[PDB]
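One structure below.
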Amino acid sequence: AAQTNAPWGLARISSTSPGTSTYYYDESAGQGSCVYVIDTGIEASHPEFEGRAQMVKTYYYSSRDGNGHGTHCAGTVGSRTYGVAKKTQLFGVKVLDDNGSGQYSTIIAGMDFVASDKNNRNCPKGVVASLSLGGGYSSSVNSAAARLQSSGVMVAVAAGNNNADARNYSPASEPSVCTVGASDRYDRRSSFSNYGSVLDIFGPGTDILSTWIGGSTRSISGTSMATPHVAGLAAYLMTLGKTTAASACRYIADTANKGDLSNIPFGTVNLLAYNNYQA
Ligand SMILES: [Ca+2]
Ligand SMILES: [Ca+2]
Numbered sequence: 106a107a108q109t110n111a112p113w114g115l116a117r118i119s120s121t122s123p124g125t126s127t128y129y130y131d132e133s134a135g136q137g138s139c140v141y142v143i144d145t146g147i148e149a150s151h152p153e154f155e156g157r158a159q160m161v162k163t164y165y166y167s168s169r170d171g172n173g174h175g176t177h178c179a180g181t182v183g184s185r186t187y188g189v190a191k192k193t194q195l196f197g198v199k200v201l202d203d204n205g206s207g208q209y210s211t212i213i214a215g216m217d218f219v220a221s222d223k224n225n226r227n228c229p230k231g232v233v234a235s236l237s238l239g240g241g242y243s244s245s246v247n248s249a250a251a252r253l254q255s256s257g258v259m260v261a262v263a264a265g266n267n268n269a270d271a272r273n274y275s276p277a278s279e280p281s282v283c284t285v286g287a288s289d290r291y292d293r294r295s296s297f298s299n300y301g302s303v304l305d306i307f308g309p310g311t312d313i314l315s316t317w318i319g320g321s322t323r324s325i326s327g328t329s330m331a332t333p334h335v336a337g338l339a340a341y342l343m344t345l346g347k348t349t350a351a352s353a354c355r356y357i358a359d360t361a362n363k364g365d366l367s368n369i370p371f372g373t374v375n376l377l378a379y380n381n382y383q384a
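Residue numbers (the entry's author numbering): 106 to 384.
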């Protein structure tokens, strides 16, 4: 399949080179996989989700995404026009309030919730969780992300927008999950992206167009936007049978575009998520 005039990030993850405009992908598109978006919620009624999104848990008064961030990230995972894995099922877990903020204890609860809830869902191609969130280092946040990964979920987490070493941020610094830095359309590390030895991979993160609340769309930037490219890619590759939840991060690093990024500090991987799609 080919989506013409796709958002630059979708085009980038299906090209060895920057500057293309078509997103090339296998039509299986993540069908049969499930991605939990642990965030501000998902506006599941957005036409871009085609019925494939639903809220499954909220830690606040409503399950409505009053913010947009979670709807944006969910759209990069799996919306029709803006998503990597256009046929995945999306499950929203609202751990962040409508200002985009959330307590670590609630974030941890949402991770534990996903580890259990997946056992009640039919996700034959496997389960991913996208965590476009984070704050300062917390061993209990890292342990919760480690547990979620150990339970059989491919966990992708933002590296953080601090232009600093991700070792000081969580869940970014948990080694066992997939920590995702951000790049821009010219293959530079995004100016805000964290870096460091714990990063596993970069994905498109600057000026990413996706779904927003109110049935709308908008373009925002962050490691939050790069993370769902990787989560969506994992779901896509799991549906293809090329990898598993336990091995998807390593597989994505294995198969990434290597050495294409600029302003990568020595000791940070120079790896950009790539679907290796060949028609
Ligand atoms: Ca290249
Ligand atoms: Ca890792």
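Ideal placement from N, C-alpha and C gives every residue a C-beta, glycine not left out.
query	result
What residue range is occupied by the uninterrupted alpha helix (DSSP H) comprising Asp292?	It is not in any alpha helix (DSSP H) - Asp292 carries neither H nor E in the DSSP assignment.
Within its chain, find whatever has a CB closer than 7 Å to the CB of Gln254; leave out the 5 residues flanking it on each side and keep chain order.	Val260, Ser281 and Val282
Only counting the same chain, and skipping five residues up and downstream in sequence, which positions put a Cβ closer than 6 Å to that of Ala340?	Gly135, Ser138, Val140, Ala190, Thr193 and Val233
Rounded to whole angstroms, how far is the Cβ of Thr284 from the Cβ of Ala269, which I believe are closer than 8 Å?	Rounded, the Cβ-Cβ distance is 13 Å, inconsistent with contact.
For the beta strand (DSSP E) that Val142 lies in, which residues bound it at each end?	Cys139 to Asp144
Is the region 108-123 touching the region 165-172 in the sense that three or more CB pairs, one from each, lie closer than 8 Å?	no
Does the beta-carbon distance from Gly183 to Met160 come in below 9 Å?	no
Under the three-state reduction of DSSP, which class applies to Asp359: helix, strand or coil?	helix
Taking all protein chains shown into account, do 16 or more other C-beta atoms lie within 10 angstroms of the C-beta of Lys363, making it buried, or fewer, making it exposed?	exposed
Identify every run of the alpha helix (DSSP H) within the region 243-309, keeping only runs that are complete inside it and at least 4 residues long; order them along the chain.	244-255
Do the region 360-376 and the region 303-310 touch if we need at least three Cβ pairs shorter than 8 Å?	yes
Closer than 8 Å: is that where the CB of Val258 sits relative to any heavy atom of ligand 2?	no
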